[PDB]
Amino acid sequence: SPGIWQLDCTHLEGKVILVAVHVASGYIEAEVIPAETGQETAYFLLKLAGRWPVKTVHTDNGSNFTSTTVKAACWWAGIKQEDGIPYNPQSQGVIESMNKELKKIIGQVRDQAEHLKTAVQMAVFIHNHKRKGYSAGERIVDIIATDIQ
Amino acid sequence: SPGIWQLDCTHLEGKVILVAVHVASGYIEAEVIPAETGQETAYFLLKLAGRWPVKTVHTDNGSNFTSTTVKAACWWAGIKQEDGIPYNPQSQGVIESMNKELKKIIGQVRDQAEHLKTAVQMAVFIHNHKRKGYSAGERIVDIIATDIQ
Amino acid sequence: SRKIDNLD
Amino acid sequence: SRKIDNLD
Ligand SMILES: [Cl-]
Ligand SMILES: [Cl-]
């Protein structure tokens, strides 16, 4: 569980926001892309796994699960690629609530940014620093440090 | 010291690799951009500061120190922008060695990637996971967790 | 443009 | 292309 992340893809402004969630902390990383392709997903996972110790990724849909480019990135970076079936039905609800919260934040910053990619990064920043008590960014560092020790 | 990062800009293949180094651990994040503008530098620092608790950034040159776009991102994200004057001459040496190491890694992977951006993320991943004993990715999490406690 | 990412 | 980022 320190190594487990969930991919999540949401839409806004005719564009696609790809999100990775560190499940045990709620910490996120995200990017804006024109469309979700296996190549964009593969590159985003290579980036994530060079930055945090990613052991397992639950893919966001069957096309990224199937995609051989996504499988090649997971092989390269040492990630176990898994499906994202919510065997726990609470998983579904947690992701939907996250997407609605991110979109709310993005609307609160949206007029400070010309481009959507800035607004999304401002929303990642606000989400990860929000104290709910500890922030998501504090929780993920604590979890991983505990694991390393 | 847990919060201090140094920007560093290096060139390859007619393109610019922008790097942020966490000084106490040697951990890095990096991106490829066409050229090093205050807008690209500002966006890169917004990204970094949403992912780690960035307290201080030593800018890589006087143009990004001066840039009002960079100062506006540092204001937005709560970052103290500082100069990168190597009052400790050891600093120039460490950065130069890091650029030569990264370029070495990039040439070791370069044929596995069509685009330079991929090879650079593969080199981030190799750099951060290399045990020298702990890796840089282990050191940065331990340092910051120690700080949070 | 009066934006963080476009000060113009 | 026989590349991680371009399997073609
Ligand atoms: Cl799509
Ligand atoms: Cl340049």
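Since chain B takes its numbers from Swiss-Prot, the residues it shows come out as 1204-1335, 1340-1356.
Recorded method is X-ray crystallography, 1.9 Å.
Positions of Cβ are set from backbone N, Cα and C atoms, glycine also.
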Which candidate from B:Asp1263, B:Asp1286, B:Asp1314 does Swiss-Prot annotate alongside B:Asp1211, B:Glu1299 at the Mg(2+) 3 binding site?
B:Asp1263
For B:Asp1211 (Mg(2+) 3 binding site), just count the other CB atoms lying within 10 A of its CB, please.
22
Got a sec? Which of these binding-site residues, B:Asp1263, B:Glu1299, has the most Cβ atoms within 10 Å?
B:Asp1263
Please report the three-state DSSP label of B:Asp1211 (Mg(2+) 3 binding site).
strand
